[PDB]
């Protein structure tokens, strides 16, 4: 059976709690307020916005000592042709030392800030364009849709459009699709391209095309992976796993049970050839098509993950096909564990 109310309860159990959500919002709000009011940075900071699975509503509850993550993108007007990625990032060290002394560390492409209730990631970016195109892009990045403090599931009317306010549609692709930001890579010492706004937009659109089920299916698959982590490779996880899920899921999803079985079956058939080749697929990033989201995933890890999905899919199919509530819920619980409730 589909057991829609049981899936609803399961999803309530695996979302970040209200306390964690408030902690995410508070940490991000305080960081962005401090940046906005910091005088030595006012001439270079164009705007800031939220990226991360919490912003996209694809994150699961942290367990144990783990805390929610906020990924903050700082959009600057620095000239990436004349300033090194290291110097661009170094411009932000007095801010961190003033407000988060002893709690921040330099990472490859970002700064990490560790508080007791939240982890913050500060990504410095620059706009490669110039002139009128740069001004149009900056007006996009200063809009309400980019500055929003809300997660994706909290505002279904959100669109990537400078006219949106909390029905407009996404702006035309010609205005943003070929306009990634650049971001430092200190380990490579070069500016790379990144397009978080395109990823967020794609996620929101896919969730609409799937009747709100996409982000919940991402959460469910992440929970399944966590509950079966000793039987699975460590990778894929996080965003590459989300991306695989969004690739496998068809538009038009009508229920969690149906969508799970469909995306697992499609995953298994679509990648059967590459699995038998003992290879891994290329999947282009939304926004930067030249980038392989699976670049760091090994073929061995992909093939192990694929076998994990094949095993899970047999259970999921029998769970969906079962005509008895208790048997169906027991099969679903074999996938997801005790957070999936038995029907009363």
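We call the rigid core whatever largest set of C-alpha positions still superposes within 1.5 Å between the two forms. Residue numbers count along the first chain shown, from 1.
Structural divergence in 4 other deposited structures of this protein between 105-113 and 265-273: following superposition by the core, 105-113 has C-alpha atoms lying farther from the shown form. Note on 25-33 and 290-298: with rigid core alignment, C-alpha atoms in 4 other deposited structures of this protein sit farther from this form for 25-33. Compared with the other entries of this protein, residue 86 is consistently built, present in every one of those that build its neighbours rather than absent from a third. Compared with the other entries of this protein, residue 167 is frequently left unbuilt, missing from a third or more of those that build its neighbours.
In the deposited entry, the stretch joining residue 166 to residue 167 is interrupted by 10 or more residues of the deposited sequence lacking coordinates. Here 173-181 and 267-275 are compared by their mean Cα B-factor, and 173-181 comes out higher. Comparing 61-69 with 310-318, the higher mean C-alpha B-factor in the PDB entry belongs to 61-69. Residues shown: 297, 45, 283, 31. Highest C-alpha temperature factor in the entry: 45.
Within the selection 121, 154, 97, 242, the deposited Cα B-factor values reach their highest point at 154. The deposited CA B-factor of residue 334 belongs to the lowest third of values across its chain.
Among the modelled residues of its chain, residue 289 has a C-alpha B-factor that falls in the middle third according to the deposited record. In this PDB entry, the Cα temperature factor of residue 85 sits in the top third of its chain's modelled residues, the highest group. In this PDB entry, the Cα temperature factor of residue 233 sits in the bottom third of its chain's modelled residues, the lowest group.
Compared with the other modelled residues of the chain, the Cα B-factor recorded for residue 252 ranks in the middle third.
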